[PDB]
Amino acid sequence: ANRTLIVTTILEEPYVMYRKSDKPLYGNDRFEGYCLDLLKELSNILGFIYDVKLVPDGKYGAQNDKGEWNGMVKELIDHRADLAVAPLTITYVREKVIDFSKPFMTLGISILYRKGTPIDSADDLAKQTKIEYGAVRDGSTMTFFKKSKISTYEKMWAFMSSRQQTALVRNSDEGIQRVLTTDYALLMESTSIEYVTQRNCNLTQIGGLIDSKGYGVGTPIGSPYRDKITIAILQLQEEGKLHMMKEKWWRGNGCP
């Protein structure tokens, strides 16, 4: 039989979550979410089974000064996993070092905050000195700011960098808690903002989307699976399955 594929992934609602249970769960049964459903669909089309493994360092992936990567991206570069199935953003810097499938979802960076402030945009957020802000450490949102040549965003990066210990958060859970408990706004992808703001009515998006991009399945460069995964994604796209999966996992209007 075909070798069982190793899938690197990361906890991120509603893509990859621990299934609720009255008893201990093991293996792939521990997890549920959009990305688990995506894997069930892709694996049917391609003819494989798979082992879901959370990325040990809990990061999506960014490169340091020497060009050393971490996170799921490093797992692929180092051939520790066959696929990364996650809300993994397709970017120029990543595409140079791994092979992404075509996108299964699109999104853009925006701002998550609490209600009641006059802040209406990134410009407003960067200018004011009352609220802290930042991004998840070593993901694509952080990298967007790090790489930006747009003045407002360059300033925002300098700010995050100067306060990195608190401005750059471990993961989206800590980021959201920071928003709820302190005067902090989180730079976050719009699909996650849509999910959280329909569930916690104390939270809101600020401004519009500041970029536009997609999530793709990651594979190591030269992978014999990337092209088959792309073809499978297009099938699911065209058949309306991706849309159905989004509807299934996004709770729909819970807040005014």
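From 1 onward, residues are counted along the sequence shown. Between two forms, the rigid core is defined as the largest C-alpha subset superposing within 1.5 Å.
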RMS Cα shift after core superposition in 9 other deposited structures of this protein, winner of 203-211 and 24-32 = 24-32
When the rigid core is fixed in 9 other deposited structures of this protein, C-alphas move more for 165-173 or 84-92; answer is 165-173
Out of 158-166 and 83-91, which stretch has the higher average CA B-factor listed in the record?
-> 158-166
Should the higher mean CA B-factor in the entry be assigned to 115-123 or to 149-157?
-> 115-123
Have a look at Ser140, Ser110, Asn171, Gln177 and flag the one whose Cα has the highest B-factor in the entry.
-> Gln177
Could you say which of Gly222, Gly61, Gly47, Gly58 has its CA atom at the highest B factor, as listed in the PDB entry?
-> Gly222
Taking the values exactly as deposited, rank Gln237 by C-alpha B-factor within its chain and report the matching third: lowest, middle or highest.
-> middle
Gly27 by Cα B-factor - lowest, middle or highest third of the modelled chain = highest
CA B-factor ranking of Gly33, expressed as a third of its chain | middle
Name the third of the chain's ranked CA B-factors that contains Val16, choosing lowest, middle or highest.
-> middle
Tertile call for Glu132 (CA temperature factor, within chain, third-based) is the highest
